[PDB]
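Below you'll find only one chain, the form deposited in one PDB entry, shown as structure tokens.
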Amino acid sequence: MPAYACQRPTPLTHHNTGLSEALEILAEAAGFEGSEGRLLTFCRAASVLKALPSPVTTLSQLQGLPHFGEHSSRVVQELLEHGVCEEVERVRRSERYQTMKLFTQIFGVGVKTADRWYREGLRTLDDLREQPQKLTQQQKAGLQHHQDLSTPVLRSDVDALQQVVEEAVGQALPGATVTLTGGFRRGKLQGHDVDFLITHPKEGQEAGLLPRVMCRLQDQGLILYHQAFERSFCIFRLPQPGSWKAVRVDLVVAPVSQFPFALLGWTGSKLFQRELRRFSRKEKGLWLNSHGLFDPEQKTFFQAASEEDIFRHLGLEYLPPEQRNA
């Protein structure tokens, strides 16, 4: 089993779901305390289990697996022997974990803001609503829409939404295209938000496009919240039987020269892309982001026409999106 997640296929569904979900609780709790290193180790250990071909049934089967040291191994052992890990359950019911999770789920609130509110004594959404001068415009929108935004977006919702975006994009710039990215491109049947990548086949024509798209969506009454730019993090009105619901939608524009890098980055998963960028820099000496792949010794950018090109540049076997669920 290789040490980087980008070196192994990771399917969406697998054979160690309960074990991985426990390690991801500990990863999340580490993030809430500001230890990104521990978060990464727990995430990586969880992802190793997702990549295995069958269930872990005995502690012996962790020997030699990367990212399983004394702590992650003890978590798995307790789950194998008792069906529960006391450390995980203590985290689950802790006031700190529950409130930090509640607050960071608000659009416009990160770990740093949630922690400050926690230290001030706040614990509930109604606590926040009773002091709204304390809130940015973004946070106000995230709090007002929190209930709808907490409900998963169904893959069955997405095609009708993509059609609406395509209509606005085609008026803004005929010939421009819309590609579904994010977890839905990896095969998920639900998601917390929808991610779209927009480009045009003629290099340079995409300049200035996103403000034109947003203006047209707003004029159609579809934008509940937004605001030169190339990424937009929106709240959209999605139809429902007899009504509608708020949904988070991300829009990104890339020039066609960069489209394979943007498609790769925005298709994720988040851990897969962090691991891929870490691999590129530490193992290959190349710097990767959603715009390109840079050789800092030649001071040259790799041209890519496809995601396949990028995997080849990096010396990695190609993984389709459905196998990037690290």
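So that the term is clear: the rigid core is the largest set of C-alpha atoms that superpose within 1.5 Å between two forms. One-based numbering along the sequence shown.
We do not show the form deposited in another entry, though everything after this point is about it.
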* Structure fact -> Candidates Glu95, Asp219, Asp126, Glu81; compared between the shown form and the other one on the rigid core, the one with a C-alpha shift of 2 angstroms or more is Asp219
* Any CA movement of 2 Å or more for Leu154 between the shown form and the other one, core superposed? -> no
* Is it true that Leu209 shifts between the shown form and the other one by 2 Å or more at the Cα, once the core is aligned? -> yes
